[PDB]
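Worksheet: the structure to be examined is printed underneath.
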There are 2 protein chains.
Amino acid sequence: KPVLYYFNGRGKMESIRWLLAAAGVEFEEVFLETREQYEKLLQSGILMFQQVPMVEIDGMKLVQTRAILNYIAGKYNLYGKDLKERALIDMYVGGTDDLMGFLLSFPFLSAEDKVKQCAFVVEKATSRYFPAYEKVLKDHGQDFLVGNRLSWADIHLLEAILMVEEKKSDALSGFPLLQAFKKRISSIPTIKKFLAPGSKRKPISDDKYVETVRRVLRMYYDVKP
Amino acid sequence: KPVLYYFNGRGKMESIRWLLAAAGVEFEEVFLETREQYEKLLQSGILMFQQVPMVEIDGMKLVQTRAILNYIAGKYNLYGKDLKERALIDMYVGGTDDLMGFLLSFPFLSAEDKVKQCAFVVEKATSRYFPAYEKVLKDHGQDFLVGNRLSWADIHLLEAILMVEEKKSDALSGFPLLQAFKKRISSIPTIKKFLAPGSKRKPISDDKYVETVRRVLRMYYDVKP
Ligand SMILES: CCCCCCSC[C@H](NC(=O)CC[C@H]([NH3+])C(=O)O)C(=O)NCC(=O)O
Ligand SMILES: CCCCCCSC[C@H](NC(=O)CC[C@H]([NH3+])C(=O)O)C(=O)NCC(=O)O
Ligand SMILES: [Zn+2]
């Protein structure tokens, strides 16, 4: 039912794909590949702020990545049981959202800047974020980040870890609880399926992605790290 | 009584001040002035990600601006009645959060870039955001953005409007419904008191704010537009 409008790549839409898959929800995708269809999309006025991601779900044309994620999380009970749990989930998700946010521009960076940005991301992961989540798991010694059950915070943390490992395969060295976490969460049926071949999970963005985005939107021609 | 940890200025903490005040909740503030004072915080490790804003409320050390705001909004019934309305509130707040986000670095910009950034913001406001919100009110024939009843989205839009008017006094020129909206929200007792002199509302950030930030966090020395 849900239709995700975006480019054929990760970008800001990937986390939405992750959350939907984790909830075992099947979705379709509409890839923007030409300046024509985009302008036609702006014509219809279905993009409230003239921006994508855009997701058609339950009779709504939702824009704003966080709005879309929040709704999917709440609808499929992955947002906790009370306001207090939701506050923890939002706090944890805020950390990983910042971490993955540093890699959003990577594809558009020059071969030179990519090296600097890459070192930056790894530094942030191992010195700021990983320690923080490692401490949370140890503080309560539970299998999940909150409510002793799977939540959006778990899914978002698993995605961030895999993205960091794509840059440094041994990034989890020195964080045994997170390493166990990674294994456990990956084993969950819906997630295991998304990680398996033939899923709608997108691969690391390449030059074809960078070009398509630059043509359709006519922006990000000079992304600075 | 919730305690807010940040610098003596707007920054990312201002919206939190707005939300608490609108809900009619008094709060205390703790301004960071010395680098050694910040290191003390890190020492106790109260800042999960070594960052501020940080708010102590209901026995929690919440970090991540959006996490804090989502909590305050839901706790004081300013987050809609159901998931659908919440989705609408998040989508709207996403827009004004982006708009105000463009003015976050302004204080650290140069006289050269400030004139550039100022034109960029007013441009985005009048051609992308204000038209969107103006349309919501007209097409739905409502006096409030969601559920035709005060919600966080209304409070976040009023703040954004006032920030744009500080840069261009006649920015709302051409948006009659937003001008009526501005008067309607400002007349709400709690908000009216926050706009009156003597409140906890912070002024536009000045050089003294910038110097302090750079002195405490030791960064943001080269902030490009
Ligand atoms: C650094 C390059 C990587 C950026 C990837 C592009 S995402 C596409 C971009 N959308 C946004 O920036 C949306 C921001 C919005 N706050 C959200 O979170 O959804 C867009 O449509 N932009 C068109 C526009 O702004 O007009
Ligand atoms: C462009 C200049 C504008 C000034 C913004 C400063 S807010 C202070 C800054 N905090 C953040 O960036 C927090 C981001 C976090 N995602 C949130 O929204 O709360 C910090 O603690 N930084 C210290 C650090 O990152 O270690
Ligand atoms: Zn190694």
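Only heavy atoms go into these numbers, but all of them, side chains included; no hydrogens, no water, no symmetry mates. So you know, we letter chains A, B, ... as the sequences are listed, proteins then strands, and number each from 1. Just so you know, ligand 1 is whichever comes first in the structure, and atom 1 is the first atom listed for that ligand.
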| Taking the six-membered ring for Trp, are A/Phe130 and A/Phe175 parallel (under 30°), tilted (30 to 60°) or perpendicular (over 60°)? |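 Taking A/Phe175 first and then A/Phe130, their aromatic rings stand perpendicular (interplane angle over 60°).
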| B/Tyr133 side chain to B/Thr96 main-chain N or O, any donor-acceptor pair under 3.5 Å? |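 Yes; at least one donor-acceptor contact below 3.5 Å.
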Do the charged groups of [X] and [Y] touch, with an N to O distance under 4.0 Å?
X        : Y       : result
A/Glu36  : A/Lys40 : no
A/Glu166 : A/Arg10 : yes
B/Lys75  : B/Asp58 : yes

Which heavy atom of the protein is the closest neighbour of [atom], given with residue, atom name and distance?
atom                    : answer
atom 12 (O) of ligand 2 : B/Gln51 OE1, 3.9 Å
atom 10 (N) of ligand 2 : B/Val52 O, 2.8 Å
atom 16 (N) of ligand 1 : B/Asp98 OD2, 2.7 Å

Nearest heavy atom to [atom] wins, so pick from [options].
atom                    : options                               : answer
atom 26 (O) of ligand 2 : A/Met91, B/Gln50, B/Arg218, A/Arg128  : A/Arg128
atom 20 (C) of ligand 1 : A/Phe108, A/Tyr220, A/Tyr209, A/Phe49 : A/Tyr220
atom 17 (C) of ligand 1 : A/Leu104, A/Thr65, A/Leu32            : A/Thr65
atom 15 (C) of ligand 2 : B/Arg10, A/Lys124, B/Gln64            : B/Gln64

| message | Is there a polar contact, in the sense of an N or O pair closer than 3.5 Å, between B/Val223 and ligand 2? | response |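 In this structure, B/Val223 places no N or O atom under 3.5 Å from an N or O of ligand 2.
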| Those atoms of ligand 1 less than 4.0 Å from some heavy atom in A/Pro53 |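 Answer for ligand 1: 19 (O).
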| task | Please find the N/O/S atom of A/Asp170 nearest to the Zn ion (ligand 3) and write down its name. | result |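 Per the distance ranking, A/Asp170 contributes OD2 as its closest N/O/S atom to the Zn ion (ligand 3).
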| query | Any side-chain donor-acceptor pair under 3.5 Å between A/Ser15 and A/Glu159? | reply |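 Their side chains do contain a donor-acceptor pair, which is all the 3.5 Å distance test asks for.
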| query | Does A/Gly11 come within less than 4.0 angstrom of ligand 1, counting non-hydrogen atoms of the residue? | reply |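 Contact absent.
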| field | B/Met219 to ligand 2, any heavy atom closer than 4.0 Å | value | yes
| field | Any B/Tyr6 heavy atom less than 4.0 Å to ligand 2 | value | yes
| remark: The atoms of ligand 2 lying under 4.0 Å from a heavy atom of B/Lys12, numbered in the order shown, are 7 (S), 18 (O)
| task | Just jot down the ligand 2 atoms closer than 4.0 angstrom to any heavy atom of B/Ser105, in number order. | result |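 It comes down to these atoms of ligand 2: 1 (C).
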Looking at [Y], does the NZ or CZ of [X] lie under 6.0 angstrom from its six-membered ring centre and within 45 degrees of the ring axis?
X        : Y        : result
B/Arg201 : B/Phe194 : no
A/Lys1   : A/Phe27  : no
B/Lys167 : B/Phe106 : yes

| field | Ring centroid separation B/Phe120 to B/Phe102 under 6.0 Å | value | yes
